[PDB]
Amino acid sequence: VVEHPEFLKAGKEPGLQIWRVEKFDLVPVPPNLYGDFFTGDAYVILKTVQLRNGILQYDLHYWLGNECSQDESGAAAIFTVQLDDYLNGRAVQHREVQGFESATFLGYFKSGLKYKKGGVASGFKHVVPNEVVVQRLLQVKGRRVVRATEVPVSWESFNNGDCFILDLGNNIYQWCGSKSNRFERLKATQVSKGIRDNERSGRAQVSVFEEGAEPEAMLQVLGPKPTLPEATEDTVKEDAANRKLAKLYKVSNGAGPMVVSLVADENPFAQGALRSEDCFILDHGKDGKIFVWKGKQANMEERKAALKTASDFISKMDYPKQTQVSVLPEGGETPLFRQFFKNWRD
């Protein structure tokens, strides 16, 4: 079931062996330090004895320092049973806790144990389940073609006739200008419900209101509302811009060599453009976003290539340094990526 490199070494001749757990790995302690145990780590110890008949006798002891992390002491435990399994189960197992070791275990060391402060750091990356930490604002503008772009979180980006999603993670606050329009309204709603159901997996709450119904939390973030500019101008020139907001590229080694090709200059991209055989890049980088889309059947070369190509776009086109590339599996597309397609169907 397991013949790890160090297992191969384990228990061949009568002796004492000691590995320490290190970032989910078993690593031999140098024999010259046998007896030292960092209190922040966990070790596995195998003691092999020449039984008088011919076969060998095996005692696995896993020692857990008082200050060792859970990954370390779990690993020590898991390794112990795998060690034991590699020996066809013929070893008894022994949990040893710092300062309460068995007389047997202390007996393995002629000169006494010596505990040492410190240890190799845990292999765990820390997470808190379901936690989102998001604060951002989306300008939503348009008429025949409405798109949602990112802007600085302030009143300095507001205007009487665009909509706005103040996305604060758990709560999304949607805002609509007095002098706004109907199509901006509908699309702002699609995006907000999208951020909630899709991006947030249902664990947020949207709230829709207009200029003058400003909720409690809208103000806590932005301070008090000042006076209001009436936008740059008109919807027709806002549509001609939304239409040229992004470019969609294909990445395919389908005939041999890799080929990054421009698929589309203009908007509503056809969903059919995205094919499972290849990868795609939707570059919207002047906002601060490049999407790599990965066809379920794209090979690893194409996936690697699309990701490199896209990160290349950042250092090339003088995009914000803090622009980052967001990678999507086919099937797991986000609202801000989806907005660029005509009537998206799942």
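Residue numbers here begin at 1 and follow the sequence given.
Averaged over C-alpha atoms, is the B-factor higher for 319 to 327 or for 16 to 24 in this PDB entry?
Mean C-alpha B-factor is greater for 319 to 327.
Residue stretch of maximal mean CA temperature factor, 301 to 309 vs 25 to 33
Here the higher of the two C-alpha B-factor means belongs to 301 to 309.
Could you say which of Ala241, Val263, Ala270, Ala255 has its CA atom at the highest B factor, as listed in the PDB entry?
Going by the entry's C-alpha B-factors, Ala241 comes out highest.
From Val259, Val81, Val208, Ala75, pick the one with the largest CA B-factor in the entry?
Each of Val259, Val81, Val208, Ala75 was compared by C-alpha B-factor; the highest is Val208.
Quick check on the deposited entry: does the C-alpha B-factor of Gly107 sit in the lowest, middle or highest third of its chain?
Answer is middle: the recorded C-alpha B-factor places it there.
Once the chain's modelled residues are ordered by C-alpha B factor and cut into thirds, is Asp287 in the lowest, middle or highest one?
Its C-alpha B-factor belongs to the highest third of this chain's values.
Just say lowest, middle or highest third for the CA B-factor of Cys279 relative to the other modelled residues in its chain.
As the PDB entry reports it, the C-alpha B-factor of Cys279 lands in the middle third of its chain.
Can you tell me which third, lowest, middle or highest, the CA B-factor of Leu248 falls into for its chain?
It belongs to the lowest third of the chain when residues are ordered by C-alpha B-factor.
Cα B factor band for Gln93 (lowest, middle or highest third within the chain)
Answer is lowest: the recorded C-alpha B-factor places it there.
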